[PDB]
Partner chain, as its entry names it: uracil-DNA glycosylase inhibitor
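Presented below, as structure tokens, is a lone chain in the form deposited without the partner chain.
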């Protein structure tokens, strides 16, 4: 059972297709849109429905050049680690045994381990946070979260900040494992993100059900000859 299986009918809905047409228009209107069109759905590409172990919800994609590439909180290789990710790495360094500060902010290897890095809004106008928040992306990601709720068992949801917490209100807290904390951005991280211990807690839950825990130290694609 795949994303396409469960999302094919949602993807033929006017709200969804129209969201995409608005983006495609915007990309030609004089404005740059992030991430590139081929990257918008990368969270789905790297972590199939049946591979989802951890869901980390973000809200908006990074809105600067070279930053967003379709995975919540991640940036491309060579790009500076943005403040929300830095605070994530800090909590990790203080909680996960052996973890040290990565020299990059690329989280693809989290996704390849089953960490679904899903923003509720999947595109953004350059430099303008929340600029596409009233297209239909929230309806689409509402549906995505609902399907995960329904079609999977024992997934851990990490819900950072009020927006994500509301988004995840529908999730079965008996069938899945839901953890809440304030958002890791500088504005709220010292008001409960630090100390939330979500990364260890996720791993323990996974372990207690026979699943491999997540290696949260992210790794860059390697060099070849």
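Numbering follows the first chain given and starts at 1.
The form solved in complex with the partner chain is left out here; the points below concern that form.
Exactly one stretch in 108-116, 147-155, 91-99, 76-84 has heavy atoms within 4.5 Å of the partner chain in the deposited complex; which is it? Comparing against the partner chain in the deposited complex, the contact stretch is 76-84.
In the deposited complex, the one of 200, 31, 187, 178 near the partner chain [non-hydrogen atom within 4.5 angstroms]: By the 4.5 Å criterion, the partner-contacting residue is 187.
Should the three residues 53, 168 and 205 be counted as contacting the partner chain in the deposited complex, with contact defined as a heavy atom within 4.5 Å for each? No, none of the three is in contact.
May I ask you to state whether residue 103 is within 4.5 Å of the partner chain in the deposited complex, using heavy atom distances? Contact check for residue 103: no, nothing within 4.5 Å of the partner chain in the deposited complex.
Would residue 191 show up as a contact with the partner chain in the deposited complex if we use heavy atoms at 4.5 Å? Heavy-atom contact with the partner chain at 4.5 Å: present for residue 191.
I'd like to know if residue 63 sits close to the partner chain in the deposited complex, meaning any non-hydrogen atom pair within 4.5 angstroms. The answer is yes: residue 63 has a heavy atom within 4.5 Å of the partner chain.
When the contact criterion is heavy atoms within 4.5 Å, does residue 35 count as touching the partner chain in the deposited complex? The answer is no: residue 35 has no heavy atom within 4.5 Å of the partner chain.
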